[PDB]
Every structure is written in structure tokens, then in C-alpha cells.
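Just the one chain here, the form deposited in one PDB entry, laid out as C-alpha cells.
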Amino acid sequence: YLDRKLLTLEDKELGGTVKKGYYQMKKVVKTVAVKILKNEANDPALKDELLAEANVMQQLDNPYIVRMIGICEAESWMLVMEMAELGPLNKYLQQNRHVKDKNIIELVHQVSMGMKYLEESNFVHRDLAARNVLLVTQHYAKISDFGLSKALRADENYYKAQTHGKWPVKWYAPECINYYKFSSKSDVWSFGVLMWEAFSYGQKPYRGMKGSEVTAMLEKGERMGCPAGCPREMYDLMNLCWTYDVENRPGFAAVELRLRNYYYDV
């Protein structure tokens, strides 16, 4: 738990309510991003989600995952993260349309390294989308938003949800939609959608379609087309991520290899 007296918040709300702040550490100040909830008139489920996020993010340690500073219980309830100051990747690419192919590949490779770590750690993210990739710099991406994430049971490779909730269905794999089963391979499917977004400079996927129409499209074997100017090898990797059968879809170790820009062995 953090000391309210060591936190300064700027008033501007970004996009729970979000503010930038400065948190005084043992020697230096750290720039932070804070999600803020009201103490009494809050939504208990939304607070439960951020407590769940905190519980997950306390167990993670990787350079491509946003680091939590802590929780502050004061005039409001606050979840404090190290700030990735350039913000969400989708918004960044919408506003910066001359980011080069090599640079987009570098960023999505960093996401694949964070996700290879998550997969090794046996956590499922369950909301992997370009809006949840935050940029530290134009050459350094981090994964964020662990509100739906789950620690997998020791005896299974998937989390089974009771039924469909309110979900980011356009990023979800068919086994998620049809059987409510979430594995790291389901996150790989989402990563393919994230790649499409990144090479479409933050356009929304399955534009104009209802979730039910996306399900029917995918079951027929149809997929989003290649973004204008997208490197062919990156569109081919998207299609591999969008393998319908979860058993033939690659895991993140295989995907991460395919985003490296140097020679390697498997």
C-alpha cells in the first residue's frame, strides 16, 4: 500500500478514471498513471476487477509488461502503475501514420516476448488488443490491462468461464466464443487481431460487423484481408494466429520466433 502524501496527481482525465501523477520513491520521483475509483459510491465489481488486476500484476516481472507501483487507499481508491507515456498503440498509430514497417514489427515482437513470458508463467491475458499495448517510447511497447486475466490451474491449460460475459469478442478465438475456454493459444488468436490493428494504423477490426456476424464469418473460414501496405510475411503470420483449431494454432514461443529480425535456431 502506497502513501497518499507521496503522490501528486495532475487534474486531466485520460480517455476507472485515469490521471497522470508523480510518486516519490526512496530517492527519485517516478511518473505514474493511476486508475481512480470513488470510496463509497463505486461499483464493487469494477473495484473487484482492479483488485484482481493488482493480484495478477504483483506476480509478474517482465520488461514488456507494465509494472504496478501499488494501491493507494485515500480520498479515492487508486491503482498506481509506472506510466508508459506515449499511451495506447491504436491511438498512437492513428496519429502517427509514417511509423515504418520495421518499427511496427519491433513493437509487436516486444508484445510477443511479453506474451511468451505470460504463457510460460501460465497466465491468460484475455483482453489482448492494440488499445492495451502502451508505448514507453516509439521503440518500446508494454502489455497492460490485466483485469480479465487468470492464473491457470495446475492441471489444465485453459480457464473455463461459466458462460459468455461482456467480452471483446472481435479479439476472441472461436473456442472462447463457442466453449468459453481461454488458453494461451486463445491469446495468440487475439495477438493476430492486434497485429492486424497495428498494420492498419489503429483501425478497428471487423468494421461494421456484429459479434454474431464475426462468428459466422470465421466459422466459414473467412478472415480479414491484408492491410494496405502490410508486409506479406506479417499478414501470413496473422493468418497462422487465426488458425481455427486450437490444437494446430501456434503458441507464443512459435509466434515470437517469427517476429525476430535476426537469424536463429528453433
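Rigid core: the largest C-alpha set superposing within 1.5 Å between the two forms. Only residues modelled in both forms are compared. A residue's number is simply how far along the shown sequence it sits, counting from 1.
There is another form of the same protein, the form deposited with a partner chain bound; it is not shown, and what comes next is about it.
Asker: Mind checking whether each of 15, 65 and 144 has a heavy atom within 4.5 Å of the partner chain in the bound PDB entry?
Answerer: So, no: the whole triplet misses the partner chain.
Asker: May I ask you to state whether residue 71 is within 4.5 Å of the partner chain in the bound PDB entry, using heavy atom distances?
Answerer: No, residue 71 stays farther than 4.5 Å from the partner chain in the bound PDB entry.
Asker: Does the partner chain get within 4.5 angstroms of any non-hydrogen atom of residue 184 in the bound PDB entry?
Answerer: Although the partner chain is absent here, residue 184 would stay clear of it in the bound PDB entry, with no heavy atoms inside 4.5 Å.
Asker: Even though the partner chain is not shown here, does residue 191 get within 4.5 Å of it in the bound PDB entry, heavy atoms only?
Answerer: Answer no; every heavy atom of residue 191 is more than 4.5 Å from the partner chain in the bound PDB entry.
Asker: Given that the partner is absent here, does residue 132 sit within 4.5 Å of the partner chain in the bound PDB entry, heavy atoms only?
Answerer: Result yes; residue 132 sits at the interface with the partner chain in the bound PDB entry.
Asker: Using heavy atoms only and a 4.5 Å cut-off, determine which of 99, 169, 151, 161 is in contact with the partner chain in the bound PDB entry.
Answerer: Filtering the options by heavy-atom distance leaves 169.
Asker: Report the residue, chosen from 239, 31, 58, 39, for which the CA moves 2 Å or more between the shown form and the other one after the rigid core is overlaid.
Answerer: The one that shifts is 39.
Asker: Please list, in sequence order, every run of 3 or more consecutive shared residues whose CA atoms are displaced by 2 Å or more between the shown form and the other one on a core superposition.
Answerer: In sequence order, the runs that relocate between the shown form and the other one are 38-41, 261-266.
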